[PDB]
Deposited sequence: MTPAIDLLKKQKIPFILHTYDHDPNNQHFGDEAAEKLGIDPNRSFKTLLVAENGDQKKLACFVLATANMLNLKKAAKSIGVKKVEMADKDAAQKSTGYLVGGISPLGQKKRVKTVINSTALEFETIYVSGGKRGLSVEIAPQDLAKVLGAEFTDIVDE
């Protein structure tokens, strides 16, 4: 996947994990990972403008707090990204969105809680693949910030 191609291109350390998706947080479950360490990637539209997207990385069970997410990227509000817009920007399908290897470069924020782990798991860009990566290495590849963007 373009996620794996980017890491290899940039020589970023990572571990590839594979599990069997059966077509019809799967990664935490099937890899026996603590859920706090398994991160999803969600896109949002800045001020509801669906070609100005931004990317948020957060534990799979956490809910994205759109007020916090807006404030983290310096915009007035954010709304959930259109299923279609997200796909054309990322090149990935929902349930397989990697923060890595996206087609379009956008701003990226990682939830702060990521920093309490040595490594975290993010989608490898296809169901059944997970990338394990140091949070600071993920941030360096994406020019990402660490900020509080969740509820609870």
| item | value |
| --- | --- |
| Regions of the deposited sequence not represented in the model | 1, 26 to 30 |
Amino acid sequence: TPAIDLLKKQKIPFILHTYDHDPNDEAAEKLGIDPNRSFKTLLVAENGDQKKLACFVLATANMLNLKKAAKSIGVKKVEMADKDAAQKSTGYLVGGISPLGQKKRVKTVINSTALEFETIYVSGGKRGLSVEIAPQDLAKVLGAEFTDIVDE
From here on, numbers count along this sequence of modelled residues.
| property | result |
| --- | --- |
| Entry-level comparison of average CA B-factors, 62 to 70 and 80 to 88, reporting the higher stretch | 80 to 88 |
| Mean C-alpha temperature factor, higher of 98 to 106 and 51 to 59 | 98 to 106 |
| Largest Cα B-factor, entry values, listed residues 42, 45, 33, 122 | 33 |
| Residue 128, C-alpha B-factor rank within chain (lowest, middle or highest third) | middle |
| Chain thirds of CA B-factor: placement of residue 140 | lowest |
